[PDB]
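Novice: got an experimental structure here, sequence first:
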Amino acid sequence: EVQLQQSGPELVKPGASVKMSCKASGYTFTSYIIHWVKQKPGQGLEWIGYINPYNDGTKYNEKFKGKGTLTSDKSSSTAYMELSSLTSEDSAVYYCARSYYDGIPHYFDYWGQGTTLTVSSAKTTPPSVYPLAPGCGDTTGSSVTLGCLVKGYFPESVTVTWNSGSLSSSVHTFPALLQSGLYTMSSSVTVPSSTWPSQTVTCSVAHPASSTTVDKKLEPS
Amino acid sequence: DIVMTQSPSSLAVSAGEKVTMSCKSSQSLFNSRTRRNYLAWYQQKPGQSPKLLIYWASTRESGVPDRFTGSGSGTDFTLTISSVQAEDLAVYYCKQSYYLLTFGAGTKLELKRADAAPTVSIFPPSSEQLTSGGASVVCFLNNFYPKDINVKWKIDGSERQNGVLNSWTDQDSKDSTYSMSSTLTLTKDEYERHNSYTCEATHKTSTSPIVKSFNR
Amino acid sequence: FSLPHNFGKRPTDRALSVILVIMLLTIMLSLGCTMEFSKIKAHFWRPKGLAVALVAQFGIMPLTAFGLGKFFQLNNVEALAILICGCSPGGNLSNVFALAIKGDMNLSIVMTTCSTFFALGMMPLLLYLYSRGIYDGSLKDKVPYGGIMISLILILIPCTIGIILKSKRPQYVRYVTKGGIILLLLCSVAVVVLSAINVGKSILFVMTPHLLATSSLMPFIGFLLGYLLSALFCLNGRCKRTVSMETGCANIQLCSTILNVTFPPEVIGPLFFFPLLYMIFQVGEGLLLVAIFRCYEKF
């Protein structure tokens, strides 16, 4: 059956000049039109415009008229999108959808895998891990929670594990949100207080986009 | 132009109770020439591309479950499910294509719970990053089901709410409850003069907000 | 279902095109031999009937097409086809029918050439205005323009040479006219056999209720309303017939070309047979009216 292929994730400096490729080889390319949909993370879908590869007819939304630019290639059976104007807020997921077009586009009956585009100053930096330790006169309780925060890592490909912790049991991973250029995330795991001193607990942060696999064990005050 | 709004935007149904998503649109988006009633109901599971469910506001794509059904005309539309299950938790947008391709705000479906018992945890900035020129104090709340919850910072009896950062958990599959995290980041040379840094949390499960204080 | 054979190869449709071109050349030569320039200038002196007939046609035909599309629930492509084909200017078929009824011929040719010349500009105007909700694009650049001027040249030049020959050497007209006639016969049979080479499956295209009703009414509506409006404005009997019969007929070449250029062939599969059917209906009405008209003058 018909499937849509996307270029993949892309990072770009705020100097713009970015290109997106959507390939479709499951049917006759010119018989259907291709729409582009923009989705910011957590704010819903947003339409951009469509292109008819038969007559190369492009229709744009009013909001994206200045920035969007849609082209097609019959020989490669693909559709290209260019923006040429990017800001820090333009990081989003873009989908290419196929719709039938007799006189009016009917519906997006098939969608692409979606490509994520990020705009920032880049300059990726090794993250720094900072543990969390209670003990400022508190009585704690039956169960005590612990964690280690991550500072100053640019790329999203980061994981935090508790090899000496409770593993998948009672672990919460807070998704990161962009702030001050360099964004941060956190993890938390709760363990019984009686067995915590007996068994040491360590957190390991793996950053495949970089060359660091730093791990550390927190120390009570 | 045509703008569409979805009323509930949030529902919680456990096992069998039918859902009802309605977006009233703006104008009569029904074609007089042909009785097509241009409207499309889509589904968006997290971390996945949207999937089409209903086209022409009354018919379904082949292969979708028969529990989904959509009925409407003119400006009034309604999508319902006879029986909801685990993989029916997604986001629905009810796109229209009568005049221009516009999407709705979206409706999120969750799983209901009996009640909530949030637990507060406060952690002060570590010394080694104090030597690094900054400080960050973090308080996070665990195991609370309802989304409506607020946090406040009392510093020496003063209400600041400056430089706040909040992060939400994605409602792990183990149970419908989830956690929240809040961080305050401040430079050195003002951490020690204020001290206090009491945190308070207001949630619908308790009339009295629950407060945790810090010293030194 | 899909297009019969392969339309991409175009095996013999070049022959059909050239035969139709030469047939139009011969018809326009005969028509130019028929008419005189002084009465054409006299008609230009008082275009009142001509102007009112032309503006009435351009005002009623697209509106009738839109009404038929609304009533019969045609799809977007079919509604666009009806709108384009309905508002097309008068073709050579109306001139041949004018030969059949021999009524005020030069008025007919002046009306058709003026209709083509003004339609050159009114096609974007009528298509942009009457197609709100169908083909949201402006389609102001997809209207053929070289084709219209080519048709204008092909309809004026043979008429010009014929009217010059008749007004300077009136003794050699009938002779060559007779020759044209026999040539027509030969070309005629070629047409039909070539149509066989491209007959395809026209039955598959014919959706009986909507397509048949639209074809039945639209030329009939044009004929009847043109005749009524000509009668109301105190027009001559020959003028009445020629105006009604010019407004009823239309042209199908530009309609087919614009449909082909705007849409991919798979979407407009059956619609490729719509203009031909349209033709095969209007003639089927045209001669019929002639068969009535003779009776109207027999008693």
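Specialist: Cool, got the structure. Numbering: from 1, shown residues only, chains lettered A, B, ... in the order given.

Novice: ok, now which ones touch residue C:274?
Specialist: For residue C:274, the contact set (Cβ atoms under 8 Å, 6 or more residues apart in numbering or on different chains) comprises C:78, C:81, C:85, C:205, C:211. C-beta coordinates here come from the backbone N, C-alpha and C atoms, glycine included.

Novice: from those, pick the one nearest residue C:8.
Specialist: Checking those against residue C:8 with Cβ to Cβ, the nearest one is residue C:205 at 19.6 Å.

Novice: and that closest one, how far from residue C:274?
Specialist: Here residue C:205 is placed at a distance of 7 Å from residue C:274 (Cβ to Cβ, to the nearest Å).

Novice: now whichever residue of chain A sits closest to chain C, nearest residue through space, not along the chain?
Specialist: Residue nearest to chain C within chain A: residue A:103 (2.8 Å; Cβ to the nearest Cβ). Closest residue to residue A:103 apart from its sequence neighbours, by Cβ to Cβ, 6 or more residues apart in numbering or on different chains: residue C:76 at 2.8 Å.

Novice: residues contacting that neighbour?
Specialist: By Cβ under 8 Å, 6+ apart, the contact set of residue C:76 is A:102-104, C:134-135.

Novice: ok, now with 6 Å
Specialist: Residues in contact with residue C:76, defined by Cβ atoms under 6 Å, 6 or more residues apart in numbering or on different chains, are A:102-104, C:134.

Novice: give me the subset of the residues you listed lying in strands.
Specialist: Cross-referencing the contacts of residue C:76 against strands under DSSP state E gives no overlap.

Novice: domain assignment for chain A?
Specialist: As given by curated CATH domains, the domain ranges for chain A are A:4-119, A:128-217.

Novice: repeat that for chain B.
Specialist: Using curated CATH domains, chain B is parsed into the domains B:10-110, B:119-212.

Novice: residue in chain B nearest to chain C?
Specialist: The minimum distance from chain B to chain C, using Cβ to the nearest Cβ, falls at residue B:34 (5.0 Å).

Novice: surely that residue touches residue C:73?
Specialist: Yes. With contacts counted by Cβ atoms under 6 Å, residue B:34 reaches residue C:73, the gap being 5.0 Å.

Novice: residue at max distance from the center of the chain?
Specialist: Looking at chain A here, since you left the chain open. Here the centre of chain A is the reference, and by Cα atoms, centre = their mean the most remote residue is residue A:137, at 40.9 Å.

Novice: actually, chain C is the one I wanted.
Specialist: Within chain C, residue C:171 marks the point farthest from the mean C-alpha position, 32.0 Å out by Cα atoms, centre = their mean.

Novice: so how far is the helix or strand harbouring residue C:177 off the chain centroid?
Specialist: Using DSSP states H and E, residue C:177 maps to helix C:173-197. Helix C:173-197 sits 19 Å away from the centroid of its parent chain (Cα atoms, centre = their mean, to the nearest Å).

Novice: buried residues in that helix?
Specialist: By 16 or more other Cβ atoms under 10 Å in any protein chain shown, the buried positions in helix C:173-197 come out as C:173, C:177, C:180, C:190, C:194.

Novice: and if you look at stretch C:9-23?
Specialist: So, applying 16+ other Cβ under 10 Å, buried residues of stretch C:9-23: C:16, C:19-20, C:23.

Novice: ditto for stretch C:48-63
Specialist: Neighbour counts over stretch C:48-63 (16+ other Cβ under 10 Å) mark C:49-50, C:52-54, C:56-58, C:60-62 as buried.

Novice: check stretch C:29-41 too.
Specialist: C:29-35, C:40.
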